[PDB]
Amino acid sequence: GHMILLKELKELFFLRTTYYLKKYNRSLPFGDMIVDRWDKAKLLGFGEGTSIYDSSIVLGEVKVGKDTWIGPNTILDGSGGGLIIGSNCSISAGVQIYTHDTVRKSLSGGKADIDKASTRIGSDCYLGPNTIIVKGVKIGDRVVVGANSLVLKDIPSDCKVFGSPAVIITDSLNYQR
């Protein structure tokens, strides 16, 4: 009964793995072998050519342009005034993008409100693995954010930043040629 369903789900896992290996030389989570990355993206209203893994969470008002790659284990949170992301962006695995915060709410024992502020990222941006972007941040166009960064403030166009907190290292012109 339930054990038949389990056994069938196990068979589907083995077969879908064999399929993903042969056709796309990859092995993916079960969820990612049911759900299609391009269809999910369409269904959420993102630009054509944009893709999003099953493992990604998308909250509230989020806009994404064309040909933007949204990686696995990502967070796109537009619950706090909307998140807007541009075209041709790389949103690496484990990148988290926020428009709200609950620090005061926790530290006050549940009394204080949630803090909220909108966030926007331009086009032709690269957000390295495990980048955290906090609420109220504006990122310009043609920006590189290195892996593991924590972005607490606006970044101008054509900049490379990294660190916790992220600081401006230099321009990103080299990556554009």
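Note that residue numbering begins at 1 and tracks the sequence as displayed.
If you average the C-alpha B-factors over 134-142 and over 35-43, the higher value belongs to 35-43. Looking at mean Cα B-factors across 82-90 and 67-75, the upper value is held by 82-90. As recorded in the PDB entry, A112 shows the highest C-alpha B-factor of the residues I57, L28, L127, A112.
In the PDB entry, a CA B factor belonging to the middle third of its chain's modelled residues is recorded for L21. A166: CA B factor lies in the lowest third for its chain, per the PDB record. Split the chain's modelled residues into thirds by C-alpha temperature factor. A117 is in the middle one.
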